[PDB]
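Undergrad: Protein sequences, first through last, are from chains B and A.
Heads up, PDB author numbering is the position in the first sequence plus 6, with the first residue counted as 1.
Under PDB author numbering, the residue at position 95 of the second sequence is numbered 95, and the numbers go up by one with no gaps.
To start, I am sharing the structure in question, which I have written as structure tokens.
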Amino acid sequence: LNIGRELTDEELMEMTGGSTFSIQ
Amino acid sequence: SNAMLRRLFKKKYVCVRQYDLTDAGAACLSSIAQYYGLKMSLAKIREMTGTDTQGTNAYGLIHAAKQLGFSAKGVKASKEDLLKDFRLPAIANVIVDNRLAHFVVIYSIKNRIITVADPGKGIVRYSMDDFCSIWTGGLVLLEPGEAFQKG
């Protein structure tokens, strides 16, 4: 399917499915 | 009768065996693949995607999928787009309370309800209100094939 174009690698690096945010 | 040989003219439940919550990323990729009959187990997908046990990123997921010939794209779509052409099993990025980041498999969005397959849960359906609260953005849309419509 074509919904649009893929973004920069940094976006994919930001996206995570087994990570933890608010590290504090 | 026999007007068309509908391949997989029925919906099935993909029984993916969960190991750790970090496997969720690979489990997502596995769910879509096996849904279309492609025998790709989350275990093999883990080593394929270079699954990081501290941060399984979508960057590795998409590349590894494409290594299988399974075309994937990393796009950004808003909640309004969910009511447009969303009919894909897809790996979406959700972060609960800005703490725990996981991937959930989107099936379809209807009546403002997003049907997702969470690797840590069963089949859970979140409203726009619920979904957008944890879903910041980021969808890895998956293509069932190139010319897979043909035979």
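Think of the CB as a built atom: it goes at the ideal place given N, C-alpha and C, for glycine as much as any other residue.
1) Is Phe103 (chain A) close to chain B, meaning its C-beta is less than 8 angstroms from at least one C-beta of that chain?
2) Closer than 9 angstroms, Cβ to any Cβ of chain B: which residues of the segment 8 to 25 of chain A, in chain order?
3) For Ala27 (chain A), which option in A:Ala43, A:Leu38, A:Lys12, A:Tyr36 has the closest C-alpha, if you only look at C-alpha atoms?
4) Taking DSSP's pairing of strands, which residues face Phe103 (chain A) in a bridge?
5) Look up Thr22 (chain B) in the DSSP assignment and give the residues it is bridged to.
6) Please report the distance separating the alpha-carbon of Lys76 (chain A) from that of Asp130 (chain A).
7) Please state the DSSP three-state secondary structure of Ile9 (chain B).
8) Which partner residues does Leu29 (chain A) have in the DSSP bridge list?
9) Give the straight-line distance between the Cα atoms of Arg7 (chain A) and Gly10 (chain B), rounded to the nearest whole angstrom.
10) Using the rule of at least 16 other Cβ atoms within 10 Å of the residue's Cβ for burial, across every protein chain shown, is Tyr13 (chain A) buried or exposed?
11) DSSP three-state label for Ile134 (chain A), please.
12) If you follow the beta strand (DSSP E) that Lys73 (chain A) is part of, which residue opens it and which one closes it?
13) Less than 8 angstroms between the beta carbons of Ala92 (chain A) and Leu142 (chain A), yes or no?
TA: So, to answer that:
1) Here residue 103 (chain A) is taken as the residue at index 103 of the second sequence, counted from 1. Interface residue, yes.
2) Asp20, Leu21, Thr22, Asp23, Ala24, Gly25
3) Stepping through the second sequence from its first residue, residue 27 (chain A) is reached at position 27. Nearest C-alpha to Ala27 (chain A): A:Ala43.
4) Residue 103 (chain A) sits at position 103 when you count from the first residue of the second sequence. Bridge partners of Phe103 (chain A): A:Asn93.
5) For the purposes of this step, residue 22 (chain B) is taken as residue 16 along the first sequence, with counting starting at 1. DSSP, once it has assigned bridges, lists A:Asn57 as partnering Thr22 (chain B).
6) As a working mapping, residue 76 (chain A) is identified with position 76 in the second sequence. As a working mapping, residue 130 (chain A) is identified with position 130 in the second sequence. Near 19 angstroms, if we compare the C-alpha coordinates of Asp130 (chain A) and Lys76 (chain A).
7) Against the first sequence, residue 9 (chain B) aligns to sequence position 3. If DSSP states are grouped into helix, strand and coil, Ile9 (chain B) belongs with coil.
8) Looking up residue 29 (chain A) in the second sequence gives position 29. According to DSSP, which records beta bridges pairwise, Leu29 (chain A) is partnered with nothing at all.
9) Locating residue 7 (chain A) in the second sequence gives position 7, where the first residue counts as 1. Locating residue 10 (chain B) in the first sequence gives position 4, where the first residue counts as 1. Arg7 (chain A) and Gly10 (chain B): Cα-Cα distance of roughly 28 angstroms.
10) Your numbering for residue 13 (chain A) matches position 13 in the second sequence. Counting Cβ neighbours within 10 Å, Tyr13 (chain A) comes out exposed, since fewer than 16 surround it.
11) By one-based count along the second sequence, residue 134 (chain A) stands at place 134. DSSP places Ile134 (chain A) in helix when its eight states are reduced to three.
12) Reading the second sequence from its first residue, position 73 is the one you call residue 73 (chain A). Segment 72 to 75, the beta strand (DSSP E) holding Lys73 (chain A).
13) Translated into the one-based positions of the second sequence, residue 92 (chain A) becomes position 92. Translated into the one-based positions of the second sequence, residue 142 (chain A) becomes position 142. Against a cut-off of 8 angstroms, the Cβ pair of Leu142 (chain A) and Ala92 (chain A) comes out as no contact.
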